[PDB]
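So this first bit is one chain, no partners, the form deposited in one PDB entry, shown in structure tokens.
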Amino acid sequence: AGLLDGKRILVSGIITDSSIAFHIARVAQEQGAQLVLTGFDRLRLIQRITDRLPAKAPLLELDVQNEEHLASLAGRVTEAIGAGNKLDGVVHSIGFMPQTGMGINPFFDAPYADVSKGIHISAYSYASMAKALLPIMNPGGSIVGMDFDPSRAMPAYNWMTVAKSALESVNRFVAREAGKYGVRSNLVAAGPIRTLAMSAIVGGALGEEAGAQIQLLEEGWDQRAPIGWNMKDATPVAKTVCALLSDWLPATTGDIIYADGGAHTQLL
């Protein structure tokens, strides 16, 4: 009761109880929203994880790279929430980049095939999702994507960064198409969070030199952030996503809200 009350959100990207979408989904349900979830290949796996959320919600399979899914999407969602009911929010907390494009291989060594598979799932996928769901969304609705500041080159994230720069730009062209439907398209740029995947790298999985850089990346975050930064609490970013699906930011589209403690506005 409050904020997301009586809205229908479709949260994607969950794959562990650590995943930044899981935390969005929880806060959403906490605000009175009827959710719909999305999965990839380990389905039975996320089914278990999702079964832990404050309340029950469906799980539709969605491999962003798969055409059939993107075509089937619009309908599958309808049967789930009831026909004649339209979608109020779409969270795109999804992204991917192979070991090579990330920190194991240096920038110049990642082949386009990998660099491609990457930009497809993190950049382009936002657009293909906006397409497949736009028709069934309520006006005053909201589409939102998870992103990180790519304005400055930083070590270790190598290509995943470019992927995000593309993503930031795609958001702007999605802000156009959505506009006609009276839908807002935004991006929340988050600071680092120890998710299962992030933790693994800091643990020296994708190279020792990479894990050390990401180690020194987080370290510098709380240093700049005037309100500090807890890289193990996804609630703060999760609650900003809510503010962006709630009708409280009704005049902002093709934008980026920063959930990073203010680090991006500080030099040192």
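One rule holds for the numbers: they count along the sequence shown, beginning at 1. Here, rigid core means the biggest group of C-alpha atoms that superpose within 1.5 Å across both forms.
Here 225 to 233 and 47 to 55 are compared by their mean Cα B-factor, and 47 to 55 comes out higher. Comparing 69 to 77 with 131 to 139, the higher mean C-alpha B-factor in the PDB entry belongs to 69 to 77.
Annotation for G145, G95, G103, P150: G103 ranks highest, by Cα B-factor. Per the PDB entry, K86 shows the highest C-alpha temperature factor of the residues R184, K164, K86, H120. In this PDB entry, the Cα temperature factor of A263 sits in the bottom third of its chain's modelled residues, the lowest group. Sort the chain's modelled residues by C-alpha temperature factor and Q215 lands in the middle third, per the entry. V174: CA B factor in the lowest third of modelled residues in this chain (values from the PDB entry). In the deposited entry, the Cα temperature factor of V241 sits in the bottom third of values across the chain's modelled residues. In the deposited entry, the Cα temperature factor of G82 places it in the highest third of its chain's modelled residues.
Absent from the display: the form deposited in another entry. The rest refers to it.
Once you line up the core between this form and the one not shown, the CA of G204 is the only one from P54, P58, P236, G204 that shifts by 2 Å or more.
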